[PDB]
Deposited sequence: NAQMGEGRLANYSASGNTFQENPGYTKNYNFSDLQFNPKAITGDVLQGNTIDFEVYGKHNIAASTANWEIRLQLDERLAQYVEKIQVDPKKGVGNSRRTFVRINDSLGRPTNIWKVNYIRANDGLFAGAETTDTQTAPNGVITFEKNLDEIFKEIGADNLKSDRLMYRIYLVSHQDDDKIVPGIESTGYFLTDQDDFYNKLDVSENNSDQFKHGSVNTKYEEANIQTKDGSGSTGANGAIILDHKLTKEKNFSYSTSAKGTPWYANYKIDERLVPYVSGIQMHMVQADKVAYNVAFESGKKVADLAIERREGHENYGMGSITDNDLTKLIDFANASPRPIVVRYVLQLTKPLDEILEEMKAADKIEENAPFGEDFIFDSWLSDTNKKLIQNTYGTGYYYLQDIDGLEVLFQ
């Protein structure tokens, strides 16, 4: 399984050629507190492309966990603000057997009853005021799913872009798989928010992938090891065109990563790779990266920071391509080399999905706002 988060059921039609889109994100509010006593989840969609695009060719697809999807009645969102375009509906896709699927669709391009201005190629675009509306309140849905099951299998989502001219194949790199936060998620609140550059980032995400053994970067510097690796892609969506070199305060910043405590003894080497969001032909394949550091994590049993690590540099641009002065996104890649094959690891462990986090902090360990991402890797219960 080479799918993001090891997700077992999803569309895997293949890939289009690399196009000039660079970001697509789904950002739902946490399912906490009073949200549970209602029947809605609020969200926004972020999108960015680097060269003018047009037409109904480009279709955004949103997959939701089957356990939620069974109770979804309607999903709507506003297009990017501009010329008074109207609120959009995400249309549910059905199968050939008279059943709904857990995938919804809306056009990418605003002029084609979609979300994002085709001619705008600068700052990240927002489709605001998204609402998923359910048949029942979320407390009733959570009860039916079962608290135990919500603990062991996180509620997933996947957003991605397909191209009709390419037989609905996926635009590579323009996919994000995450999970809905709930009241069992507390780590984000262990972090104090920095006052430095607090309006420079819009969103952070972490995508995960199991990569095969013995693959490498083009230059040979980076690699996955004999048992493969779990790859964490920490992606930062900018608000405008941040330059670290010119504008960062509270320097030097730290790149931070946290891996599920259960996996720590099964991770050996940890590599940091520099990755680039290309203006043309966006490509973040493993081969494209370059190894920039050997990393550590906290391995002392019982330590408050168990499974966490961080790295800095007196010039952090040596480790991270910040796409300085550009609105393009940033990808920080962590390669977690496994000590044995994943199936042996799981056998030794024998359900709870594995959780990973990443964020940037200032020199005083305070979170750079909107740079925290969390992601998961699926484990069959």
Fill in the blank from the handout: Counting from 1 along the deposited sequence, the ranges with no C-alpha atoms are 1-10, 361-371, 403-411
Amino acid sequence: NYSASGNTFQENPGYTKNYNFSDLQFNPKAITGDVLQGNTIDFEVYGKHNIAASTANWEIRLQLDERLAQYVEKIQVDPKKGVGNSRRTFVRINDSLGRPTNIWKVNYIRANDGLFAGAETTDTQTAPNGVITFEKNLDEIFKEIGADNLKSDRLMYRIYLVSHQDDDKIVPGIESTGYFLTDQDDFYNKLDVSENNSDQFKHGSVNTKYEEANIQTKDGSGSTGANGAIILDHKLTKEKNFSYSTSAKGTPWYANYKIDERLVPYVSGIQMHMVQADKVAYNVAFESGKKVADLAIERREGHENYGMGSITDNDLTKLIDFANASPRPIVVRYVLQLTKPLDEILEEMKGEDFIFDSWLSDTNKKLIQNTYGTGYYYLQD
From here on, numbers count along this sequence of modelled residues.
Fill in the blank from the handout: Averaging the C-alpha temperature factors as deposited, the higher value of 160-168 versus 184-192 falls on 184-192
Exercise for the section: Give the stretch, out of 364-372 and 12-20, with the larger mean C-alpha temperature factor in the deposited entry. Expected result: 12-20
Handout entry: Highest recorded Cα temperature factor - choice among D353, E66, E59, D313
Key = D353
Completion exercise
Note to self: of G302, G114, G250, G98, the C-alpha temperature factor tops out at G302
Handout entry: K136 CA temperature factor, ranked by third within the chain
Key = middle
Problem - Position of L295 among the chain's modelled residues by C-alpha B-factor, lowest, middle or highest third - result: lowest
Exercise for the section: Classify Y179 as lowest, middle or highest third according to the C-alpha B-factor given in the PDB entry, relative to its own chain. Expected result: lowest
Practice task
Would you please rank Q70 by its C-alpha temperature factor against the other modelled residues of its chain and give the third it falls in: lowest, middle or highest?
Solution key: middle
Practice task
Rank-wise, by C-alpha B-factor, drop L263 into the lowest, middle or highest third of its chain.
Solution key: highest
